[PDB]
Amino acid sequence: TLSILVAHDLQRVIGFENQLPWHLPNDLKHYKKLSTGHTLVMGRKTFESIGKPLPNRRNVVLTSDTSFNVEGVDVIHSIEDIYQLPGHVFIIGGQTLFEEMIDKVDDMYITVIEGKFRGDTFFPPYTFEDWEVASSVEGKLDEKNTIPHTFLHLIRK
């Protein structure tokens, strides 16, 4: 199966100057959980901002740069390449990837940040008519997680 995994605010902002405008450990913990034992696909400029890759899951990068051959990471160069990848595959960003993939994924896992942050990169608009709300869970807030957030699981009708 093919899923989107994203965190966006109330105006679908996802990043500002190449990092997440917010910091929310519980999203990261939530993000962390589902990814384990699966494939993750990202645009070069997303991987760039992480540098250090994630343990215990197949990290794949999409770039047209054949020249890049960075240690311990699989490379692809087109969308077709994605179709030919076993197991459960996750689209993790960034924008230009989400834009391309939103109409191809089976379901979506969205953390909705209940706020309005300044951003320069966005998640594509989408209507609930196309999307069965399979689940909706309010995130708990403590001292380390100060921002209201909702974990959604949207499935295409």
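Counting begins at 1, following the sequence as shown.
Looking at mean Cα B-factors across 115-123 and 40-48, the upper value is held by 40-48. The deposited model assigns a higher average Cα B-factor to 54-62 than to the other stretch when 124-132 and 54-62 are compared. Placement of the Cα temperature factor of residue 90 within the chain: middle third of the modelled residues, per the deposited record.
Per the deposited record, the Cα B-factor of residue 34 falls in the highest third when ranked against the other modelled residues of its chain. Ranked by Cα temperature factor within the chain, residue 68 sits in the highest third according to the deposited record.
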